[PDB]
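Visitor: Build me a model:
(chains A, B, C, D, E, F and G, ligands or ions: 80)
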Amino acid sequence: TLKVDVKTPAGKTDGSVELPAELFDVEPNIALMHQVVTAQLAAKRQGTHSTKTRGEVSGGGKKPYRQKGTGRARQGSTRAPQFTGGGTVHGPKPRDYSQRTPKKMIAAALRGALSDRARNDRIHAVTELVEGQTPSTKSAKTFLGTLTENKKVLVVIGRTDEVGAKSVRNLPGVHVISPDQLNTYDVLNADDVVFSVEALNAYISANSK
Amino acid sequence: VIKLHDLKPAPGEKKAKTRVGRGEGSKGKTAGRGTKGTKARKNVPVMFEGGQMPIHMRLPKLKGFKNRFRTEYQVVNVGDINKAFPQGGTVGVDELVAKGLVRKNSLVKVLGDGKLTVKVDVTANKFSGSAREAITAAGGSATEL
Amino acid sequence: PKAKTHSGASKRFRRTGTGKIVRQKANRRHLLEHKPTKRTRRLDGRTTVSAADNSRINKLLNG
Amino acid sequence: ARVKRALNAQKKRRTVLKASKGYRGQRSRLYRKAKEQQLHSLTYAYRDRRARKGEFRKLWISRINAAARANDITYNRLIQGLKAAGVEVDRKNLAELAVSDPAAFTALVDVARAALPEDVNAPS
RNA sequence: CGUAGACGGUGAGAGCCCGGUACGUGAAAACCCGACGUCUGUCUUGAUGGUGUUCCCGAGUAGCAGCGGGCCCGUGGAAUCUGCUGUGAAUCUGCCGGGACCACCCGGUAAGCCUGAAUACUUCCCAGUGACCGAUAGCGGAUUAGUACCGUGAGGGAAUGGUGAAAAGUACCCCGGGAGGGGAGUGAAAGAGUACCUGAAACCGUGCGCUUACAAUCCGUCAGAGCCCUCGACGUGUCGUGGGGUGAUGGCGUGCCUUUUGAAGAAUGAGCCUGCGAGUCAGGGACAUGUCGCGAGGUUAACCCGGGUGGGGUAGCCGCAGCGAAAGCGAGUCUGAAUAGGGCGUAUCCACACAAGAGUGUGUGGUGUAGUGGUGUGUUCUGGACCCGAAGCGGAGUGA
RNA sequence: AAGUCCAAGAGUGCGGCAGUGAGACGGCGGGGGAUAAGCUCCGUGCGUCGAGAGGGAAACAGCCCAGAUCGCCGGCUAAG
RNA sequence: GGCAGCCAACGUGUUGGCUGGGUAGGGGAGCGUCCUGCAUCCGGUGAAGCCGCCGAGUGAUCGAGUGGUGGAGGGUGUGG
Ligand SMILES: [Mg+2]
Ligand SMILES: [Mg+2]
Ligand SMILES: [Mg+2]
Ligand SMILES: [Mg+2]
Ligand SMILES: [Mg+2]
Ligand SMILES: [Mg+2]
Ligand SMILES: [Mg+2]
Ligand SMILES: [Mg+2]
Ligand SMILES: [Mg+2]
Ligand SMILES: [Mg+2]
Ligand SMILES: [Mg+2]
Ligand SMILES: [Mg+2]
Ligand SMILES: [Mg+2]
Ligand SMILES: [Mg+2]
Ligand SMILES: [Mg+2]
Ligand SMILES: [Mg+2]
Ligand SMILES: [Mg+2]
Ligand SMILES: [Mg+2]
Ligand SMILES: [Mg+2]
Ligand SMILES: [Mg+2]
Ligand SMILES: [Mg+2]
Ligand SMILES: [Mg+2]
Ligand SMILES: [Mg+2]
Ligand SMILES: [Mg+2]
Ligand SMILES: [Mg+2]
Ligand SMILES: [Mg+2]
Ligand SMILES: [Mg+2]
Ligand SMILES: [Mg+2]
Ligand SMILES: [Mg+2]
Ligand SMILES: [Mg+2]
Ligand SMILES: [Mg+2]
Ligand SMILES: [Mg+2]
Ligand SMILES: [Mg+2]
Ligand SMILES: [Mg+2]
Ligand SMILES: [Mg+2]
Ligand SMILES: [Mg+2]
Ligand SMILES: [Mg+2]
Ligand SMILES: [Mg+2]
Ligand SMILES: [Mg+2]
Ligand SMILES: [Mg+2]
Ligand SMILES: [Mg+2]
Ligand SMILES: [Mg+2]
Ligand SMILES: [Mg+2]
Ligand SMILES: [Mg+2]
Ligand SMILES: [Mg+2]
Ligand SMILES: [Mg+2]
Ligand SMILES: [Mg+2]
Ligand SMILES: [Mg+2]
Ligand SMILES: [Mg+2]
Ligand SMILES: [Mg+2]
Ligand SMILES: [Mg+2]
Ligand SMILES: [Mg+2]
Ligand SMILES: [Mg+2]
Ligand SMILES: [Mg+2]
Ligand SMILES: [Mg+2]
Ligand SMILES: [Mg+2]
Ligand SMILES: [Mg+2]
Ligand SMILES: [Mg+2]
Ligand SMILES: [Mg+2]
Ligand SMILES: [Mg+2]
Ligand SMILES: [Mg+2]
Ligand SMILES: [Mg+2]
Ligand SMILES: [Mg+2]
Ligand SMILES: [Mg+2]
Ligand SMILES: [Mg+2]
Ligand SMILES: [Mg+2]
Ligand SMILES: [Mg+2]
Ligand SMILES: [Mg+2]
Ligand SMILES: [Mg+2]
Ligand SMILES: [Mg+2]
Ligand SMILES: [Mg+2]
Ligand SMILES: [Mg+2]
Ligand SMILES: [Mg+2]
Ligand SMILES: [Mg+2]
Ligand SMILES: [Mg+2]
Ligand SMILES: [Mg+2]
Ligand SMILES: [Mg+2]
Ligand SMILES: [Mg+2]
Ligand SMILES: [Mg+2]
Ligand SMILES: [Mg+2]
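Guide: Numbering: from 1, shown residues only, chains lettered A, B, ... in the order given. Ligands and ions are numbered 1, 2, ... in the order given. Below, you will see the structure:
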């Protein structure tokens, strides 16, 4: 039920945005969103790790020597695991690491993280990052500094607004994401989440029905 | 303000894997297999009994046939109509699917298990005699499709 | 790959409404003349499988 | 994620080899033979830690018996009389008395003999 | 400074030192694309729906049979498709199919031919990425690598990276035939000297401390004299809550592992060190148990839109009613002639009655019924499936 | 009917995970053998070893005593 | 005198009582290695590795205690 003031790059405010409590006042669920972020990073894991088993390494077809009478260990090929240059036994092969959590688990984790930010006044709405027609990291940085003192911020902007995302892209602690792409991992990174009026309205309207 | 390092699995969620054959402190030199035999290196199939006639071979096959032309019905008991419809009214198959009493595309037969008290107009593929008596003795009417 | 049901056991075993697995008694397919009818009728219908065999039959049935 | 198992492997090696100093032969040089010796060493240390309390009691009894027989009394009668008299000094300090100052041992033998039956072979 | 805080290099962690990055700009020629014309072709000596018959509608084909192949279908009652052999029709009130077959109905129009897209792959080229390896690893191949080498031949098939920031790579002198060193210099360092980062262990010496040549030793452990070193105190050498080294001597004492009723065993294995070498992974698999979300519901699969891990996707799947071989009936149902017993089913509990104490039943009320989807663990199924090991079997080749 | 009952860590039922299915000697009851075997085959709310350390039997898995949580330079005992 | 497992009492961390040999095997809780998300800290005034000294823990082991060597990366917390 929070009422976040919308703030303009001039240092002023225009109005306020109502945050529905079914969407920004949810009790957080540490275990649930632990599972959600762990599944997220599992999907990010490029599992491109591979070895060669006993039969994939080069050579090894021959039996190295006679099986009896030589006074030596019985050896079936030179590519056996115990050999130098031999095959790896239970070694890595490529894996897909994504796991498919239910939709409402993901949605609830989103709402819980955003509620966690809202309870502590870490959600901001702004008309836009910088006055348009041209990117400017200097002025957008100054405005964002007035807006917050913390290190990491999410900057949730609509996809069409390129001048804004360009002017905030090169700040070291700033992460830019689209409202329809919002996930629990990026909002838990951020100390503050800085919406735009359009992006806040868009996220509200995508969950208003 | 919960951050990514404040996240933790629920107590009792994650159990440690049992790494076996990693010393005599836990499970070593046999990895819980005991000494030699068939079972010391491979397995035994579940349908093996030692060469005596297995359980699935000394017993008769169940009598009968399957009747591929079976007409199966998804069944509602009359007592659920009370809960689903506090006032009664017209109740077809598809406004009975919305209440989650049957599956979406199937043949529906109504059975008379509970007790029906409201004025209802039931339409269904088939009815029970007890169900029909309950429908009409409570003041409603029932028609097949 | 998806598990395979053991076909020879499915045509021999069946589950009831609660979930107990039933059976068919043996020694009733031929050589019937010398068997009294009391033995013949104590040998028909279903009977629940033993608790000792319930573990393997379950694995054969579910595959 | 391949591990090179040498950081962890060397730790117990250094422990056992440092414990095996002074061992004659290759039981102080090779980790395997030193480990085999450490097994016996710690079992022997347990065994002898348990039996040291019996070895020292043996030594105290021997010293007490010699001192008592110098005082013209048997060991067994001496401790029987000390039990009868209620003087309840253990064999350790009774051996320190036998060695360090024999006059107190003589007096204590006097007490033990004074507190002893007029017939030690009497049917009672 | 930032539309550039990607990544490298530079004498050690560089957005502002270099190459670059963000962002823009550039092609004479060749090639790949479209687009507009010549060009090419066709249609218009011509259109349209009617009214009534004869001809035509893919022939050594269909069908039929024998022997096979393949279909979920292993010859079965065996259709559909199909090869070899034999026999061998009709042109539409025909012919084929609808799991032997027949009748009726329905669907279609074989024995003529072309056909894009959605689908499979990567020798090669470009650009990237990795909770991938990091020199016994990763390709066999970071270096002469399919090389050296082994084989007549098919073929088999290695080992070898690191000076320093920069060669500044030791001028000159001395011993030595040289090799090697010692001074001197270079260098931050030469405990960096082209035998070169770090430089472990096995193994090999040299110096010092204690001990050991009348002694039967799984080589230790417990007690222990003497000597040596060290830390305190008082003092000036002897104790002390001491600590180390070595040990004359005394008690006790039969290696480790495998496998066995039982091994110190004269059963197996192991010369030593260092590096390596064995329960792993896939799957809406199955069963059980934790944990989480939603809950009489739970969840999507392919797929579509997102430079992402996000959002849509109801097809299906599991729960929701059972009994029966089945037709079927349904809180019942099957058997049976049976309101006559039994089987299975009606979550579970509570009470009040009505009947028998042959194990309690029946009925009226009440309470109301729990699943599913992620994910951890154990076991399991299909896969080389914890790792190693035959003699041998098959295919194609190489050799007198 | 009691006992044990801050324990036997006891029964029974359901389930998850097993290993085992080569036993040895000694006491008592027996078959085979020659009323031989450190033989072989059975019975035993018999024991110990297996899977048991410590004390005794000179040494000596299976005999006697006694069941090792650790420490002590305390005491009392068991078989002997 | 120290530890631990089961249970009980007040009560909410203590105390008490019983118990703590063990192979196949079952269960529980942990040590050390490496790679990583997030958070912090250390490091050419010298990281890692190695060699020691002096210590520590019930065990695997530890030493953000110290020296020698060394020359560029490491520690810790909480998850994967
Ligand atoms: Mg091969
Ligand atoms: Mg040999
Ligand atoms: Mg082979
Ligand atoms: Mg390799
Ligand atoms: Mg999705
Ligand atoms: Mg796993
Ligand atoms: Mg073991
Ligand atoms: Mg072992
Ligand atoms: Mg097991
Ligand atoms: Mg074995
Ligand atoms: Mg065996
Ligand atoms: Mg076995
Ligand atoms: Mg199978
Ligand atoms: Mg047979
Ligand atoms: Mg089947
Ligand atoms: Mg019959
Ligand atoms: Mg009959
Ligand atoms: Mg010594
Ligand atoms: Mg950089
Ligand atoms: Mg035709
Ligand atoms: Mg066929
Ligand atoms: Mg056929
Ligand atoms: Mg074609
Ligand atoms: Mg290599
Ligand atoms: Mg190296
Ligand atoms: Mg190689
Ligand atoms: Mg040649
Ligand atoms: Mg100099
Ligand atoms: Mg140096
Ligand atoms: Mg060298
Ligand atoms: Mg070097
Ligand atoms: Mg001498
Ligand atoms: Mg002797
Ligand atoms: Mg000795
Ligand atoms: Mg001896
Ligand atoms: Mg053998
Ligand atoms: Mg053996
Ligand atoms: Mg034998
Ligand atoms: Mg041997
Ligand atoms: Mg020998
Ligand atoms: Mg053998
Ligand atoms: Mg040997
Ligand atoms: Mg190797
Ligand atoms: Mg799996
Ligand atoms: Mg059925
Ligand atoms: Mg009948
Ligand atoms: Mg009945
Ligand atoms: Mg649940
Ligand atoms: Mg599970
Ligand atoms: Mg061959
Ligand atoms: Mg030839
Ligand atoms: Mg009792
Ligand atoms: Mg007990
Ligand atoms: Mg028990
Ligand atoms: Mg057997
Ligand atoms: Mg047997
Ligand atoms: Mg026996
Ligand atoms: Mg015998
Ligand atoms: Mg006898
Ligand atoms: Mg006999
Ligand atoms: Mg015998
Ligand atoms: Mg016996
Ligand atoms: Mg055994
Ligand atoms: Mg013993
Ligand atoms: Mg025993
Ligand atoms: Mg006795
Ligand atoms: Mg006494
Ligand atoms: Mg006695
Ligand atoms: Mg206690
Ligand atoms: Mg124990
Ligand atoms: Mg005990
Ligand atoms: Mg064990
Ligand atoms: Mg470490
Ligand atoms: Mg970490
Ligand atoms: Mg720093
Ligand atoms: Mg320096
Ligand atoms: Mg490292
Ligand atoms: Mg230094
Ligand atoms: Mg250091
Ligand atoms: Mg972990």
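
Visitor: Quick one: check the strand or helix carrying residue A:175 for contact with RNA strand E.
Guide: Following DSSP states H and E, one finds residue A:175 within strand A:174-177. Yes: using C-beta under 7 Å from any atom of the strand, strand A:174-177 reaches RNA strand E at A:175, A:177. C-beta here means a position set from N, CA and C on the backbone, and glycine is covered the same way.

Visitor: could you dump that strand to PDB, C-alpha only?
Guide: Extracted in PDB, the C-alpha atoms of strand A:174-177 (Å, rounded to 0.1, in the frame of the first residue of the first chain):
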ATOM      1  CA  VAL A 174      24.000  -0.200 -12.100                       C
ATOM      2  CA  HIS A 175      22.100  -3.100 -13.700                       C
ATOM      3  CA  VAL A 176      19.500  -2.400 -16.400                       C
ATOM      4  CA  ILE A 177      16.600  -4.800 -17.000                       C
END
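
Visitor: neighbouring strands for that strand, and are they parallel or not?
Guide: strand A:153-156 (parallel) (DSSP bridges).

Visitor: Show me which parts of the strand it pairs with are buried, residue by residue.
Guide: A:153-156 (16 or more other C-beta atoms under 10 Å in any protein chain shown).

Visitor: Turn the residues you listed into TSV, columns for distance to RNA strand G.
Guide: Rendered in TSV, the data for these read as follows (distance: C-beta to the nearest atom of the strand, whole Å):
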residue	distance to RNA strand G
A:153	12
A:154	13
A:155	16
A:156	18
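
Visitor: need the helices for the chain, in chain order.
Guide: Since you didn't name a chain, this refers to chain A. Assigned by DSSP state H, chain A shows helices spanning A:21-24, A:30-44, A:103-119, A:137-147, A:162-166, A:184-189, A:197-206.

Visitor: Oops, wrong one, chain D.
Guide: Going by DSSP H, chain D shows helices at D:6-19, D:31-70, D:75-85, D:91-99, D:102-114.

Visitor: go on, chain B?
Guide: B:78-84, B:94-97, B:129-137.

Visitor: For the shortest one, what is the distance to the chain centroid?
Guide: Yep, that's helix B:94-97 we're talking about. Distance, stretch centre to chain centre, for helix B:94-97: 21 Å (C-alpha atoms, centre = their mean, to the nearest Å).

Visitor: Show me what counts as buried in that helix.
Guide: B:96-97.

Visitor: cool, and the longest one?
Guide: Applying a neighbour-count criterion of 16+ other C-beta under 10 Å, one finds B:131-132, B:134-135 buried in helix B:129-137.

Visitor: Assign a three-state SS to the residue in chain C that ligand 12 sits nearest to, would you?
Guide: When scored by C-beta to the ion, chain C has residue C:56 as its residue closest to ligand 12, at 17.6 Å. At residue C:56 the chain is in helix, as set by DSSP: H, G, I helix; E, B strand; the rest coil.

Visitor: That one - how many residues pack around it?
Guide: 18 (other C-beta atoms under 10 Å in any protein chain shown).

Visitor: Touching, it and residue B:44? I think so.
Guide: No: using C-beta atoms under 8 Å, residue C:56 is not in contact with residue B:44; the gap is 10.8 Å.

Visitor: before we move on, back to that, make TSV out of the helices of chain B and add distance to ligand 1.
Guide: What follows is these, written out as TSV (distance: least, C-beta to the ion, whole Å):
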stretch	distance to ligand 1
helix B:78-84	66
helix B:94-97	60
helix B:129-137	71
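
Visitor: Can you tell me which of these is nearest to residue D:60?
Guide: helix B:78-84 (91.8 Å; C-beta to C-beta).

Visitor: Show the contacting residues for the closest residue in space to residue A:121 that isn't next to it in sequence.
Guide: In space, and not counting its chain neighbours, residue A:121 is closest to residue A:2: 7.9 Å by C-beta to C-beta, 6 or more residues apart in numbering or on different chains. Neighbour list for residue A:2: A:18-19, A:24-25, A:118, A:121, A:123 [criterion: C-beta atoms under 8 Å, 6 or more residues apart in numbering or on different chains].

Visitor: tell me the centre residue of chain C?
Guide: residue C:23 (2.3 Å; C-alpha atoms, centre = their mean).

Visitor: gap between the helix or strand harbouring it and the chain center?
Guide: For residue C:23, the host element (DSSP H and E) is strand C:21-24. Mean-position distance between strand C:21-24 and its chain equals 3 Å (C-alpha atoms, centre = their mean).

Visitor: Residue B:73 and residue B:108 touch, don't they?
Guide: Yes: Residue B:73 lies in contact with residue B:108 (C-beta under 8 Å); the separation is 6.7 Å.

Visitor: Kindly provide the distance from the spatially closest residue to residue A:166 that is not a sequence neighbour to ligand 1.
Guide: Nearest residue to residue A:166 in three dimensions, chain neighbours excluded: residue A:135, at 3.7 Å (C-beta to C-beta, 6+ apart). Relative to ligand 1, residue A:135 is positioned 60 Å away (C-beta to the ion, to the nearest Å).

Visitor: OK, contacts around residue A:135?
Guide: Per C-beta under 8 Å, 6+ apart, neighbours of residue A:135: A:163, A:166-167.

Visitor: What about the closest residue to RNA strand F within chain B? Give its phi and psi, please.
Guide: Nearest residue of chain B to RNA strand F, counting by C-beta to the nearest atom of the strand: residue B:34, 2.1 Å away. Main-chain torsions, residue B:34, degrees, to the nearest 10: phi 70, psi -170.

Visitor: ok, now residue A:102?
Guide: The phi/psi pair for residue A:102 (degrees, to the nearest 10) is phi -60, psi 150.

Visitor: Just give me the neighbour total for it.
Guide: Residue A:102: 8 neighbours (other C-beta under 10 Å).

Visitor: separation between the nearest residue to residue B:80 once chain neighbours are set aside and RNA strand E?
Guide: The shortest distance from residue B:80 to any non-neighbouring residue, by C-beta to C-beta, 6+ apart, is to residue B:101 (5.7 Å). Between residue B:101 and RNA strand E the computed distance is 6 Å (C-beta to the nearest atom of the strand, to the nearest Å).

Visitor: need the contact list for residue B:101.
Guide: For residue B:101, the contacting residues are B:76, B:80, B:84, by C-beta under 8 Å, 6+ apart.

Visitor: residues touching the residue of chain B found nearest chain A, list them.
Guide: Chain B approaches chain A most closely through residue B:10 (3.5 Å), counting by C-beta to the nearest C-beta. For residue B:10, the contact set (C-beta under 8 Å, 6+ apart) comprises A:30-31, A:34.

Visitor: Which two among the contacts of residue A:2 are spaced furthest apart?
Guide: Checking the contacts of residue A:2 with C-beta to C-beta, the most distant pair is A:18 and A:121, at 15.2 Å.

Visitor: now the farthest one out in chain A, which residue is it?
Guide: residue A:69 (62.9 Å).

Visitor: circling back to that earlier point, keep only those of the contacts of residue A:2 that are in strands.
Guide: A:18, A:123 (DSSP state E).

Visitor: Nearest to chain B: which residue in chain D?
Guide: residue D:12 (11.5 Å).

Visitor: Surely residue C:16 is in contact with residue C:22?
Guide: Yes: using C-beta under 8 Å, residue C:16 is in contact with residue C:22, at 6.1 Å.

Visitor: of the two, who's got more company?
Guide: Applying other C-beta under 10 Å to residue C:16 and residue C:22 shows that residue C:22 carries more neighbours, namely 14 against 10.
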